[PDB]
Every structure is written in structure tokens, then in C-alpha cells.
Amino acid sequence: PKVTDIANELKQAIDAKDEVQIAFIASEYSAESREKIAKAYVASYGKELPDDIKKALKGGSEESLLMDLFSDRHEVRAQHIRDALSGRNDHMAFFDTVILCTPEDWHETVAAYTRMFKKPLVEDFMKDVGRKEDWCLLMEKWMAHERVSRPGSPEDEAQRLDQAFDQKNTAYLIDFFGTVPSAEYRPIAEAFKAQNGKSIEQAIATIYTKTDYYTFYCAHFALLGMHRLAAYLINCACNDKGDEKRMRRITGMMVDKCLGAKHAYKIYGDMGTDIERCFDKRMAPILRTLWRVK
Ligand SMILES: [Ca+2]
Ligand SMILES: [Ca+2]
């Protein structure tokens with residue numbers, strides 16, 4: 001329907017103050033569509049769309065979530081990236097903000113970090129994060145976004161992985177996951193599992209621990225596909241006792257790109273259900289709506 005009438009619907013949801021109905025309208029349209037609806041909306045009422053959401057509803061993550069959803073994806077990201085560095089490194093936020101991201105989104109997020117804070121995002125990050133652990137080095141690699149093709153053959157490149165894993169060539173490792181193109185990763189990993197006795201995800205388990213462990217484990221989910229990384233992040237968000245911050249970072253930032261998470265989630269169970277469980281009566285309905293499990 002006309003983006004003009006869509007803006008109206010929100011305005012009446014924002015009048016009703018109905019968090020779920022706003023969230024529902026959100027769920028209906030991708031980030032780009034929600035950008036067009038945001039415009040229609042400000043011309044209509046001379047009110048910034050996030051500014052009205054903030055207005056009607058007072059609260060926490062639930063509020064901020066609905067705002068993010070009608071705000072510049074890349075600014076939202078650059079602020080999250082600003083925040084995770086503000087106090088002490090928020091690794092959980094790193095994952096959500098660095099690894100759970102397309103190369104395009106990332107790019108504008110870089111650019112948006114300049115507009116906002118007159119700084120080079122990647123400089124700030126390597127400043128705070130350092131280069132002492134593998135997870136740091138991986139993260140720098142990932143952020144560059146230079147996917148280089150791999151010298152043919154899954155199996156052949158799979159056996160090269162598993163050897164890097166055995167010897168503990170954490171250099172190959174970093175560079176692989178830092179550069180392997182996603183399309184090329186799926187076959188390699190299917191192959192790893194078909195030949196090397198241990199899934200890649202177990203390989204990591206053997207070699208890495210703590211925040212080293214999680215970074216690659218996120219990596220591997222993300223090269224399979226964002227909806228896969230998402231599903232996991234959501235799950236982690238569930239076990240960390242309904243992590244509303246994580247859930248707000250990744251949803252308001254990425255839902256449109258990751259709607260298949262509900263199916264990916266099946267390996268952990270029913271997404272709809274677990275959120276009913278882990279998240280309270282305010283946040284959960286909002287969440288179930290966005291990720292389309294009502
Ligand atoms: Ca408020
Ligand atoms: Ca709450």
C-alpha cells in the first residue's frame with residue numbers, strides 16, 4: 001500500500017502507544033522500505049519518526065528497538081559500535097555489530113561512524129581491541145571485507161583447513177575465515193564434516209576458548225549465512241537470561257536480512273517458544289512479531 005498510508009498506520013499506533021502494533025508494522029517492511037516510510041512520515045507530520053516513537057512510549061530496550069527500526073541502519077550500527085568501545089570492550093556487542101553484518105551495511109556504517117564521531121571506526125577499534133589474541137586479529141581481517149577466492153576444490157581446501165587446525169596454524173586460520181568468500185565456505189565445511197572426523201565447529205572447540213572461541217564460531221555461522229549466525233545469537237541471547245541488549249542490537253539492525261533464523265533456530269528448538277520463555281511480557285511480544293514467530 002501507499003507509503004503514505006503506512007506512515008499513517010504508525011502514527012495511529014504511536015497514538016495508541018501500542019508497542020506491538022508498531023513492531024508489527026516494522027516486521028512487515030525491510031530496512032529500505034522502512035527508510036521510505038520514515039520519509040513519508042516526517043513530511044506528513046513534520047515529526048522525526050523515531051522522535052515520535054520515543055515520545056509516545058517510555059521505557060528501555062523495547063523503546064530503543066522500535067526507534068532503531070526507523071532510523072539509519074548504519075548510524076544505528078555506528079552508535080552500537082561507538083557504545084561497545086565506550087566503556088570496556090563489549091565483546092558480545094562486537095559479534096552483533098562486526099560479524100553479523102553484510103559488507104555493504106558495514107561500509108556505510110564505517111562512513112556513518114565518521115559523520116557521527118569524526119573518527120575512523122577501524123582505527124578506534126584496533127586501538128581499544130589491540131592485537132594480542134587471535135580473536136582480535138580475526139576481527140581486523142573481517143572488518144576489511146576483502147573476500148578473496150580460494151585455490152579450487154572444497155575437499156582440498158577442507159583438508160587444508162583441518163591440517164591448519166591440527167598443527168595450530170592460527171595464521172592460516174585467521175586469514176581463511178578472514179578472507180574465504182561465503183559461497184565457497186559452505187562447500188568447504190560440508191566437506192570438512194564429510195572427511196575429517198570432526199566438524200569445523202568442533203575443530204574450533206579443540207583449538208580455541210573464551211572470546212577467541214566465540215569469534216570464529218560466530219564467523220563460521222556468518223559465512224554459512226547471516227540468518228544462521230542470527231539464530232545462534234538469538235539462542236545465546238536466550239541463555240544469557242533474555243539478553244535485551246543483544247536482542248535489540250541485532251533485531252533493530254538486521255531483522256529484514258535474517259528472517260530465516262526461525263528455521264535455522266530449529267537446531268535449538270522453537271524460536272517463538274523460547275522467546276516467550278526467556279524474555280518478559282513487554283519485550284517478548286515485540287520480539288516474536290519482528291522475527292515472525294507469533
Ligand atoms: Ca520515552
Ligand atoms: Ca523489559
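Residues numbered from 1 in each chain as written, not as in the entry; some residues may be left out. Chains lettered and ligands numbered in written order. Heavy atoms only, no water.

Looking at the PDB entry, one finds the chain named Giardin subunit alpha-1 and attributed to Giardia intestinalis. Taken directly from UniProt, the Subcellular location text for the chain runs: "Cytoplasm, Cytoskeleton". Its UniProt record, at the heading Sequence similarities, says of the chain: "Belongs to the annexin family. Giardin subunit alpha subfamily." (UniProt positions renumbered as here; feature names shortened; annotations may be inferred.)

Here we come to the packing of aromatic side chains. For the structure on display, the rule yields 18 aromatic pairs. Where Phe176 meets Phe177, the ring centres are 5.0 Å apart and the plane angle is 80°; that geometry is what we call edge-to-face. We note that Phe176, like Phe177, is buried. An aromatic cluster is present here, built from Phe165, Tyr172, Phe176, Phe177, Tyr185, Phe192, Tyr208 and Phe216 joined pairwise through their rings. Lying across the ring of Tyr45, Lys11 places its NZ or CZ 5.2 Å from the centre. The aromatic ring of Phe117 is capped on one face by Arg82, whose charged end is 4.6 Å from the ring centroid. (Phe/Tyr/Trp six-rings, centres within 6.5 Å; stacked < 30°, edge-to-face > 60°. Buried < 20%, exposed > 50% of the residue type's maximum accessible area, 1.4 Å probe, protein only. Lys NZ or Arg CZ within 6 Å of the ring centre and 35° of its normal.)

This brings us to the packing of helix α14 (residues 200-207) against helix α15 (residues 210-224). Between α14 and α15, the shortest axis-to-axis distance is 9 Å and the interhelical angle comes to 170°. Judged on the interaxial angle alone, α15 and α14 are roughly antiparallel. Each of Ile200, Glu201, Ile204 and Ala205 in α14 lies in contact with α15, whose residues at this interface are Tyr213, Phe216, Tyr217 and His220. In terms of residue class, the contact of α14 with α15 is made up of six nonpolar, one polar and one charged. (Axes fitted to C-alpha atoms, helices over the stretch in contact; angles between N-to-C directions. Helix = DSSP H or I, 4+ residues; strand = E, 2+ residues; numbered from the N terminus. Parallel < 35°, antiparallel > 145°, perpendicular 65-115°, else oblique. Contact = heavy atoms within 4.5 Å. Nonpolar A, V, L, I, M, F, W, Y, C, P; charged D, E, K, R; others polar.)

Our next topic: the coordination of the calcium ion (ligand 1). Four donors placed tetrahedrally about a metal ideally form angles of 109.5 degrees, and six donors placed octahedrally ideally form angles of 90 or 180 degrees. Each protein donor to the calcium ion (ligand 1) is listed here as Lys54 (O), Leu57 (O) and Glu63 (OE); together their distances run 2.6 to 2.9 Å. Going along the chain, you hit the donors of the calcium ion (ligand 1) in the pattern K-x2-L-x5-E. We classify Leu57 as buried; its relative accessible area is 4%. (Donors = N, O, S within 2.8 Å, 3.2 Å for Na, K, Ca; no water.)

Two quantities define a packed helix pair, namely the angle between the axes and the distance from one axis to the other. Contact geometry of helix α7 (residues 91-99) with helix α17 (residues 244-254) gives a least axis separation of 10 Å together with a crossing angle of 10°. Looking at the two axes, α7 sits roughly parallel to α17. Counted together, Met92, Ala93, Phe95, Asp96 and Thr97 of α7 and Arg246, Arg249, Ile250 and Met253 of α17 form the full contact between these two elements. Classifying every residue of the contact of α7 with α17 by side-chain character gives five nonpolar, one polar and three charged.

Time to look at the coordination of the calcium ion (ligand 2). Coordination of the calcium ion (ligand 2) by the protein is provided by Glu62 (OE) and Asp280 (OD), with metal-donor distances spanning 2.8 to 2.9 Å. In this pair, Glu62 sits in helix α5 (residues 61-68) while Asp280 sits in the loop between α19 (271-278) and α20 (283-290), placing the two residues 218 residues apart along the sequence. Looking at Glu62, the relative accessible area reads 4%, which means it is buried. You can call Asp280 partly exposed: its relative accessible area is 41%.

One water molecule sets the probe size; rolling that probe over the atoms shows where empty space is left. Here the largest pocket defines a volume of roughly 230 Å³. Surrounding the largest pocket, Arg186, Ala189, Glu190, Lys193, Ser199, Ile200, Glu201, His220, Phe221, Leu224, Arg228 and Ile267 form its lining. Breaking the lining of the largest pocket down by element, the ones donating at least two residues are α13 (182-195), α14 and α15. Here the element with the most residues in the lining of the largest pocket is α13; it accounts for four residues. Classifying every residue of the lining of the largest pocket gives five nonpolar, two polar and five charged. (1 Å grid on protein atoms, 1.4 Å probe; cavity = no way out; pocket = protein on both sides within 12 Å on 5 of 7 lines; lining within 4 Å. Points joined across faces, edges and corners; volume = space filled by probe spheres on them.)

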